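Asks: I'd like to ask some things about the structure below.
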Amino acid sequence: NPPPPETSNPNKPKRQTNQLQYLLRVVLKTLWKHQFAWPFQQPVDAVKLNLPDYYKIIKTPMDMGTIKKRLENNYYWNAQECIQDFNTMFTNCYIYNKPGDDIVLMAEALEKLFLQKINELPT
Ligand SMILES: COc1ccc2c3c1Oc1ccc(O)cc1C=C3N(C)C2=O
């Protein structure tokens with residue numbers, strides 16, 4: 001396993017915004033309870049899950065546990081930075097797998113719920 005993505009960085013510029021607050025309270029915490037969220041709540045453990053090729057293929061890993069920690073730690077500058085992490089998470093799943101896989105069906109459903117939730121954000 002590589003080290004997991006950072007969740008703090010003292011030199012990184014950070015901000016507290018209504019949209020980032022909403023991404024934690026509403027978007028992340030709603031996705032988290034979905035029946036399909038569980039593969040995405042923690043970094044992929046390639047040793048535990050017996051996927052020795054995972055980090056051979058996925059070079060920018062991302063997961064909702066990391067995102068949740070980043071939001072709780074005030075890691076982001078703006079909502080777009082957070083949204084990019086979700087997009088990276090979903091794309092990683094499509095890249096490492098293929099159409100029709102169970103994990104991909106899960107990511108597809110979550111991504112559609114995610115887009116529904118960020119379609120309108122607070123001002
Ligand atoms: C062979 O099972 C797979 C195959 C691919 C993927 C996953 C798989 O299973 C998991 C099992 C437990 C868990 O903690 C996370 C996952 C998340 C996965 N992601 C994100 C994948 O792309």
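Identifiers in the structure tokens: chain A, B, ... in order shown; residue index from 1 per chain; ligand index from 1 in order shown.
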Could you give me, as a compact mmCIF listing (two decimals) with N, CA and C atoms, in the first residue's frame, the residues within 12 Å of residue 65 of chain A, counting only C-alpha atoms and dropping anything in the same chain fewer than 4 positions from it?

Replies:
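Okay, result-v4.txt is ready:
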# COMPACT_ATOMS: atom_id res chain seq x y z
N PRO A 4 -1.93 6.87 2.36
CA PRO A 4 -3.21 7.44 1.94
C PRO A 4 -3.09 8.93 1.68
N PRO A 5 -4.01 9.52 0.91
CA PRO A 5 -3.97 10.97 0.65
C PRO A 5 -3.98 11.75 1.94
N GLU A 6 -3.27 12.88 1.95
CA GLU A 6 -3.21 13.72 3.14
C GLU A 6 -4.59 14.27 3.47
N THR A 7 -4.84 14.50 4.77
CA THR A 7 -6.04 15.18 5.22
C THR A 7 -5.74 16.46 5.98
N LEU A 24 -20.33 18.89 3.33
CA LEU A 24 -20.18 17.94 4.43
C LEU A 24 -21.55 17.54 4.98
N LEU A 28 -21.95 14.80 1.42
CA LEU A 28 -21.19 13.67 1.95
C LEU A 28 -22.03 12.81 2.87
N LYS A 29 -22.73 13.43 3.83
CA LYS A 29 -23.41 12.61 4.83
C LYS A 29 -24.64 11.91 4.27
N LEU A 31 -24.68 10.73 0.90
CA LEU A 31 -24.06 9.64 0.15
C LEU A 31 -23.60 8.53 1.08
N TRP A 32 -23.09 8.92 2.25
CA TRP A 32 -22.46 7.97 3.17
C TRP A 32 -23.42 6.87 3.61
N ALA A 37 -22.60 2.82 -0.57
CA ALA A 37 -21.49 3.68 -0.16
C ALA A 37 -20.30 2.91 0.39
N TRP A 38 -20.52 1.71 0.94
CA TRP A 38 -19.49 1.06 1.75
C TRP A 38 -18.16 0.83 1.03
N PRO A 39 -18.09 0.48 -0.26
CA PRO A 39 -16.75 0.35 -0.87
C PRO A 39 -15.97 1.66 -0.91
N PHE A 40 -16.62 2.79 -0.68
CA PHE A 40 -16.04 4.10 -0.92
C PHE A 40 -15.80 4.87 0.36
N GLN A 41 -15.99 4.25 1.52
CA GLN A 41 -15.87 4.95 2.79
C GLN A 41 -14.45 4.95 3.35
N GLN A 42 -13.50 4.32 2.65
CA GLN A 42 -12.13 4.23 3.14
C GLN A 42 -11.22 4.03 1.94
N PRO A 43 -9.93 4.37 2.06
CA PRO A 43 -8.99 4.08 0.97
C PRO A 43 -8.95 2.60 0.67
N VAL A 44 -8.75 2.28 -0.61
CA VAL A 44 -8.61 0.88 -1.01
C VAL A 44 -7.37 0.30 -0.35
N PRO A 61 -5.42 8.10 -5.94
CA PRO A 61 -6.53 7.50 -5.20
C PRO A 61 -7.33 8.54 -4.44
N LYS A 69 -12.80 13.44 6.08
CA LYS A 69 -11.77 13.97 6.97
C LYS A 69 -11.30 15.35 6.50
N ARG A 70 -11.09 15.51 5.20
CA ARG A 70 -10.70 16.82 4.67
C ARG A 70 -11.75 17.88 4.98
N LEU A 71 -13.04 17.56 4.83
CA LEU A 71 -14.06 18.55 5.15
C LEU A 71 -14.07 18.87 6.64
N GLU A 72 -13.99 17.85 7.48
CA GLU A 72 -13.98 18.08 8.92
C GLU A 72 -12.75 18.86 9.37
N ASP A 85 -12.43 16.02 -5.87
CA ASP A 85 -12.09 14.78 -5.17
C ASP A 85 -13.17 13.72 -5.37
N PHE A 86 -14.45 14.10 -5.33
CA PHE A 86 -15.49 13.12 -5.63
C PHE A 86 -15.35 12.60 -7.05
N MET A 89 -12.60 10.12 -7.28
CA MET A 89 -13.04 8.85 -6.71
C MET A 89 -13.85 8.04 -7.71

Asks: Leaving out residue 78 of chain A and any residue of its chain fewer than 3 positions from it, which residues lie within 9 Å of it when counting only C-alpha atoms, given as JSON, numbers by chain?

Replies: {"A": [14, 15, 16, 17, 19, 20, 81, 82]}

Asks: From a DSSP calculation on the backbone, collect every residue of chain A in helix (DSSP H, G or I) and output the set as a PyMOL selection string.

Replies: chain A and resi 18-32+38-40+54-57+64-72+79-96+102-118

Asks: Restricted to C-alpha atoms, what would the selected residues look like written as a CSV table (one decimal), in the first residue's frame?

Replies:
chain,number,residue,atom,x,y,z
A,18,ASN,CA,-21.3,27.8,3.1
A,19,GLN,CA,-20.9,25.5,0.0
A,20,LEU,CA,-18.2,23.5,1.7
A,21,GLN,CA,-20.3,23.3,4.9
A,22,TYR,CA,-23.2,22.0,2.7
A,23,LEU,CA,-20.9,19.5,1.0
A,24,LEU,CA,-20.2,17.9,4.4
A,25,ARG,CA,-23.6,18.2,6.1
A,26,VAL,CA,-25.7,17.3,3.1
A,27,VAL,CA,-23.8,15.8,0.2
A,28,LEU,CA,-21.2,13.7,1.9
A,29,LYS,CA,-23.4,12.6,4.8
A,30,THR,CA,-26.3,11.7,2.5
A,31,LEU,CA,-24.1,9.6,0.1
A,32,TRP,CA,-22.5,8.0,3.2
A,38,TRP,CA,-19.5,1.1,1.8
A,39,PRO,CA,-16.7,0.3,-0.9
A,40,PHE,CA,-16.0,4.1,-0.9
A,54,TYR,CA,-4.8,-1.5,-7.7
A,55,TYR,CA,-2.1,1.1,-7.2
A,56,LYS,CA,-0.3,-0.1,-10.4
A,57,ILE,CA,-3.3,1.4,-12.2
A,64,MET,CA,-15.2,9.4,0.8
A,65,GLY,CA,-13.4,8.7,4.1
A,66,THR,CA,-10.5,11.0,3.0
A,67,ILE,CA,-13.0,13.5,1.7
A,68,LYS,CA,-15.0,13.5,5.0
A,69,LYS,CA,-11.8,14.0,7.0
A,70,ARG,CA,-10.7,16.8,4.7
A,71,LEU,CA,-14.1,18.6,5.2
A,72,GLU,CA,-14.0,18.1,8.9
A,79,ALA,CA,-16.3,23.6,-3.1
A,80,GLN,CA,-14.9,22.9,-6.5
A,81,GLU,CA,-11.7,21.4,-4.9
A,82,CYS,CA,-14.0,19.0,-2.9
A,83,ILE,CA,-16.1,18.2,-6.0
A,84,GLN,CA,-12.9,17.4,-7.9
A,85,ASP,CA,-12.1,14.8,-5.2
A,86,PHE,CA,-15.5,13.1,-5.6
A,87,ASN,CA,-15.0,13.1,-9.4
A,88,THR,CA,-11.5,11.5,-9.0
A,89,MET,CA,-13.0,8.9,-6.7
A,90,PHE,CA,-15.7,7.9,-9.3
A,91,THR,CA,-13.4,8.0,-12.3
A,92,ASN,CA,-10.8,5.8,-10.4
A,93,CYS,CA,-13.5,3.2,-10.1
A,94,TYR,CA,-14.4,3.3,-13.8
A,95,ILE,CA,-10.7,3.2,-14.7
A,96,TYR,CA,-9.8,0.2,-12.5
A,102,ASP,CA,-20.9,-4.7,-9.4
A,103,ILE,CA,-18.5,-2.0,-8.1
A,104,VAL,CA,-19.2,0.1,-11.2
A,105,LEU,CA,-22.9,-0.2,-10.9
A,106,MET,CA,-22.5,1.1,-7.3
A,107,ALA,CA,-20.3,4.0,-8.4
A,108,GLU,CA,-22.8,4.9,-11.2
A,109,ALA,CA,-25.7,5.1,-8.8
A,110,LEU,CA,-23.7,7.1,-6.2
A,111,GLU,CA,-22.4,9.5,-8.9
A,112,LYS,CA,-25.9,10.2,-10.1
A,113,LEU,CA,-27.1,10.9,-6.5
A,114,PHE,CA,-24.0,13.1,-6.1
A,115,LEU,CA,-24.7,15.2,-9.2
A,116,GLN,CA,-28.4,15.5,-8.1
A,117,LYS,CA,-27.2,16.9,-4.7
A,118,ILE,CA,-24.7,19.4,-6.2

Asks: Just how far from atom CA of residue 97 of chain A is atom CA of residue 47 of chain A, in Å to one decimal?

Replies: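 Going from atom CA of residue 47 of chain A over to atom CA of residue 97 of chain A, I get 17.5 Å.
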
Asks: One decimal, in Å: what's the spacing between atom CA of residue 63 of chain A and atom 20 (C, counted along the ligand's line) of ligand 1?

Replies: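 The value is 7.7 Å.
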